[PDB]
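In structure tokens, the next block holds one chain alone, the form deposited in one PDB entry.
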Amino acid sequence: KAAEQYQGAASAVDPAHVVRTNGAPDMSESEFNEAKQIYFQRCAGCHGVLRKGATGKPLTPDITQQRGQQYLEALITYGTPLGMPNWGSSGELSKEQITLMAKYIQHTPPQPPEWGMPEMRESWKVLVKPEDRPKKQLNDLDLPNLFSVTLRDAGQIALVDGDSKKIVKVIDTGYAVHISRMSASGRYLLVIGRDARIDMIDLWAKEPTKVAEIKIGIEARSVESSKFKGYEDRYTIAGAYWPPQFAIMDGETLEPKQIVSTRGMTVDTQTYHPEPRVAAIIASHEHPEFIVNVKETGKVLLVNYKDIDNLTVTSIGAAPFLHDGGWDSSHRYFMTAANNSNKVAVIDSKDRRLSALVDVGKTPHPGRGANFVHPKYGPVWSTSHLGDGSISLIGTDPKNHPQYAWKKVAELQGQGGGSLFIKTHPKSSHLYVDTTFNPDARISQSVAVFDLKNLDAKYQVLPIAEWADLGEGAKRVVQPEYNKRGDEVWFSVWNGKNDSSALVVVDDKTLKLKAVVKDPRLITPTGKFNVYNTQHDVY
């Protein structure tokens, strides 16, 4: 009764400014569920789960009710030239569906479930206790030259022996695994599906088998291991798309320890954003931290694991829409692309600061990038683009080449836009770039190769898809990846699940076809990650 009067004063909030939602077109339970079913299959990626706008404009009731029914239907139908697909013209969605979507986006967005520690512990499993795991490598596999290839639509990954070109094992994982990452010791393989299911695989057991797993969210893209000296296999971190968050777990058993929300203020307008999806994550070699990229808010956070109980985080403003990126040759600056901002943020991991924001081309997509010493400009880091066919070379040596540091020092020209990965290797004198999503078939089925010993000359075209001899299908080639020796470059010919695919190997020394890996179990192969190169960031 004392506690009653103590909190018995009015809230400073003005009810007239608290807004009730509604005034949308009446639509039944089924009309709504069908619209909801379509929204995540076709729209959520670009517009966001909450519809506050990611790559695309906000689709919340305030704005959609203002536009009204007809503007909405027409827009969804014909699309626009700035990224909005023509769902009606292309005949991808019927007029009836487009009508339901126009009505759906006029209601309050349905709420997706949260996902904290209770759900994480319930999903967590230790398949083989640490004490029951091999003390030595119980097999004759050349682990360093192994490849962890993603069999996207099969919810599996494949361990392919680099020298023999044969599949050594197919392991069940999360659906469409996005990337593979190696532990600092080179013993454990870490794969994470887009569904946020992480699988830890012991490469030492008789046969590479799974020793632990967990689900850190409803949707995810990144996973990483602690690499600072004295912290081998200590912690594993993973970033989720929804909910906006990242989790730190034990690097031996994947036991969840800390969960941190990334919901916050943007760097540009400094207003509140409800869905800042976590993207790339890279382990720092300069301090005991993980370097996390928060997309929609454009913040690079340095999560310090020196004391995992009292988490110290340093919020660095970069630029909106941070995505992928990698280390420069020295492994001190984090070159990451803020793709929809057309800039490349450089994060100094030693001095823990933003070194610069470099203007590049339309929608940079470096992947992890390509590092090499330019004969004139010195040490550079490069990236290709999705929005155009240009290739940016950036200065990454402040000590010996300060006049070029953090500048778009030169530009190269590929086959065209739709590019996703650019590759190279220390031992190699070639530079490869794919064009996976280029709207042309001939271009999307081939890669461009440049001569680093003569960058003035144009690129040669390698007909990767044609070399694979597969037959029908889009046969989109993607992500060049070298072997440990650096004399073989691998490519994935990403064909439909009901079609036939392959991994095409090329002799880097001669640019001649070396081999083609086919197998009924090689369903929709995407990411290939050579152990050594992924473990030691060789790119």
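So that there is no doubt, residue numbering starts at 1 and follows the sequence shown. Throughout, rigid core stands for the largest set of C-alpha atoms superposing within 1.5 Å between the two forms.
For the pair 372 to 380 and 299 to 307, the mean Cα B-factor is higher in 372 to 380. Annotation for 285 to 293 versus 181 to 189: the higher mean temperature factor (C-alpha) is found in 181 to 189. Which of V223, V260, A205, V447 has the largest Cα B-factor in the deposited entry comes down to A205. Going by the entry's values, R133 shows the largest Cα B-factor out of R152, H365, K407, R133. Ranked by C-alpha B-factor against the other modelled residues of its chain, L511 falls in the highest third. Ranked by Cα temperature factor within the chain, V493 sits in the lowest third according to the deposited record. Residue-level temperature factors show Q41 in the middle third of its chain, judged at the C-alpha atom. In the deposited entry, the Cα temperature factor of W115 places it in the lowest third of its chain's modelled residues.
For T60, the recorded CA B-factor ranks within the lowest third of the chain. Only modelled residues enter the ranking.
Same protein, other form: the form deposited in another entry, not shown, and the subject of what follows.
Core superposition between the shown form and the other one leaves every listed residue (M101, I237, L146, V294) with a C-alpha shift below 2 angstroms except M101. The Cα position of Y188 differs by less than 2 Å between the shown form and the other one after fitting on the rigid core. The rigid-core alignment places the CA of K484 less than 2 Å apart between the shown form and the other one. Taking 2 Å as the criterion, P134 does not count as shifted between the shown form and the other one: its C-alpha moves by less than this amount when the rigid core is aligned. Compared with the form shown here, the Cα atoms of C46 and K295 move at least 3 Å farther apart in the other entry.
Note on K497 and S222: their C-alpha atoms are more widely spaced in the other entry, a change of at least 3 Å from this conformation.
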